[PDB]
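One chain comes next, on its own, written out as structure tokens in the form deposited in one PDB entry.
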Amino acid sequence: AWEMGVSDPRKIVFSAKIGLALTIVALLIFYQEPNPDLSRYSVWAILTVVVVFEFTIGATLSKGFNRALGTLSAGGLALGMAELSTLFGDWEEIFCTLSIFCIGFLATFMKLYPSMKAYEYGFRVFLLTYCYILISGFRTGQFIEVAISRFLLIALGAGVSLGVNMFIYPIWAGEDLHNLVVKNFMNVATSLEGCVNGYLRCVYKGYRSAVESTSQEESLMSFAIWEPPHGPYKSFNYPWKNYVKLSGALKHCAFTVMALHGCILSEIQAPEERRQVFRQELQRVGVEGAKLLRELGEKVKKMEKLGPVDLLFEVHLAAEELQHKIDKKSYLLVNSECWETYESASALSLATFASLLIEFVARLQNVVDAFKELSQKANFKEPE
């Protein structure tokens, strides 16, 4: 729609690049001179554009490699089977019927495994190609030289698709991974402050997105290893795995924010008057943690190295101040009258928030370690 297009103007360009490739193919088809070989079977060239045109360059290269491997293997096996069938001379229609059963059984069985679950598009092309070659080459009997004219058009369609996809506003999966890693830091930094403000008041998509994107980052990393060097990523083998390592450390840090958010929806809650004692100490930690996460995200985005000053000094000091405050007023969290039930559970429930906050601060040193590793493997610019 208008809103969807304006929000992400990329989709309009992708739709008009697909329309351009279809027009550039239909013009050749409709103006080509008559031929005895490609004047009736030319349709196989405009339907390849609709099947091999993906959203990124790396996806197009990898999927096209898989489809060409399946097609060439199915064609070689079908040619061998057809040549071998003639030996019997009287049960050809039975041998060719048993071949279909055997190959279809194995092709279906092998595509249901829990490992090759993302490559069913390459198994289906094998199953369609074996059947097409075996059935269409029975009456004619010379599909050897007819199967290459149907691959020449496929090659023309895939060449046009790749040229139009690559030389007109390409979309790179590496930049997608870079942008996603930059965006997760801001999502977590917003959620942490929303949780602290909601609890102290007299938050979902942040950690939801930061915890449910491991598959997306893995797929984007798989696509990114095919693309050639370009732009700022000037190196033969860029270290794309350190981006996944930094996102794993960030998710380990965001699981405590998810626990903090779940502390607000619980059935048992402490009285509002008791929460107001630790307001300043609770707010300072959220402020410093969000500042740190935004500073790390900004350094990642600009491809810059960490400065010489310690970044964790302020948050560490705030955590120590909160600990001392908790120690001073510890008698609010328990009752010494019984020292040797809803009210007691409520009173003890106010210390879970502070214990989880201190554990969140304790988990922040491994994100800095992973960032230093990434800033070293990939040559980041020296700070100004």
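Between two forms, the rigid core is the largest collection of C-alphas that superpose within 1.5 Å. One-based numbering along the sequence shown.
What comes next is about the form deposited in another entry, which does not appear here.
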- Task: Using a core superposition, identify the member of 42, 323, 66, 346 whose Cα displacement between this form and the one not shown reaches 2 Å or more.
- Result: 42
- Task: Would you tell me if residue 223 moves between this form and the one not shown by 2 Å or more at its C-alpha, with the rigid core held superposed?
- Result: no
- Query: Would you say residue 262 moves between this form and the one not shown, meaning its CA shifts by 2 Å or more once the core is fitted?
  - Reply: no
- Exceeds or equals 2 Å, Cα of residue 138 between this form and the one not shown, core fit: yes
